[PDB]
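A single chain comes next, written as structure tokens; it is the form deposited in one PDB entry.
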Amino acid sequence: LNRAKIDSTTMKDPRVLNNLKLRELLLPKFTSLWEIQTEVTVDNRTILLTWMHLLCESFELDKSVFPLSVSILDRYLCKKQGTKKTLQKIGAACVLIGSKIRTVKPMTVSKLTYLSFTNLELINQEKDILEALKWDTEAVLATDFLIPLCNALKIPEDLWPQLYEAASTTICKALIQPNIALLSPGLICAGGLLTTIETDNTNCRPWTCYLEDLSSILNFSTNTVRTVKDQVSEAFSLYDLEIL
């Protein structure tokens, strides 16, 4: 019931931003998403990712659960081979694992199975992800960068709550899409922010004005930044529950 309020230590310390970027360099580069796969396509992924998204959204889980569900799922689908009649399970086990870490009230098995395989059969599909990833579960989420970026960009604090709520919502959806899976979490975030800023100016400066800065903050070129915005702004638009 209580929520995490602003904490200068965790939010305004420049070296926090500094370490996100660093720990971003830990999970290495998917040269191509789901290459190891010899059955399920990326199309299957978009579908399972919107089911997993809907799950998180409708049960109102903390915003950082889904991105991490995605990250687990992906990491996991190199280490092992997935199937079509089995993805539902796997994705279900990612949300279940993600919820266990990043949210106080985690998605229960009975909640997850009943909606969707036996609950025994799901417990294994957890075990099997855990040991496959060798319990190294956590990850830098595109989410994690939101406030550290608002702070770095000198955005007034009273805007943080809305800005947070709004751009986390758009990042989360964007993540559903194939091509977004390849971008660095810092960038996905910078994109999320700018798109959001664009639609209802929120009484900041306008989108334009933050492009050169995020390029300085993150240490990419401006073109890269301008691109990732369009890219994430796209990913958002392509959300569609009918595909289910």
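Shifts are known only where both forms have a C-alpha. Residue indices: 1-based, along the sequence shown. If you superpose the two forms and keep the largest set of C-alpha atoms that fall within 1.5 Å, you have the rigid core.
Coordinates are lacking for 1 to 3 deposited residues between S116 and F117. In this entry, 197 to 205 has the higher mean Cα B-factor, the comparison being between 214 to 222 and 197 to 205. Taking only CA atoms, the mean B-factor in the PDB entry is higher for 21 to 29 than for the other of 7 to 15 and 21 to 29. Placement of the Cα temperature factor of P148 within the chain: lowest third of the modelled residues, per the deposited record. When the CA B factors of the chain's modelled residues are split into thirds, the value for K100 lands in the lowest one. In this PDB entry, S64 carries a Cα temperature factor that places it within the middle third of its chain's modelled residues. In this PDB entry, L241 carries a Cα temperature factor that places it within the lowest third of its chain's modelled residues. Sorting the modelled residues of the chain by their CA temperature factor places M107 in the highest third.
Separately, the form deposited in another entry exists; it is not shown, and the next lines address it.
Core-superposed comparison between this form and the one not shown: the Cα of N19 travels less than 2 Å. Relative to the displayed conformation, the Cα-Cα distance from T10 to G98 grows by 3 Å or more in the other form. Between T10 and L175, the Cα spacing is larger in the other form than in the shown form, differing by no less than 3 Å. Listed alone, the one run of 3 or more residues present in both forms whose C-alphas shift by at least 2 angstroms between this form and the one not shown, with the core superposed, is 2 to 14.
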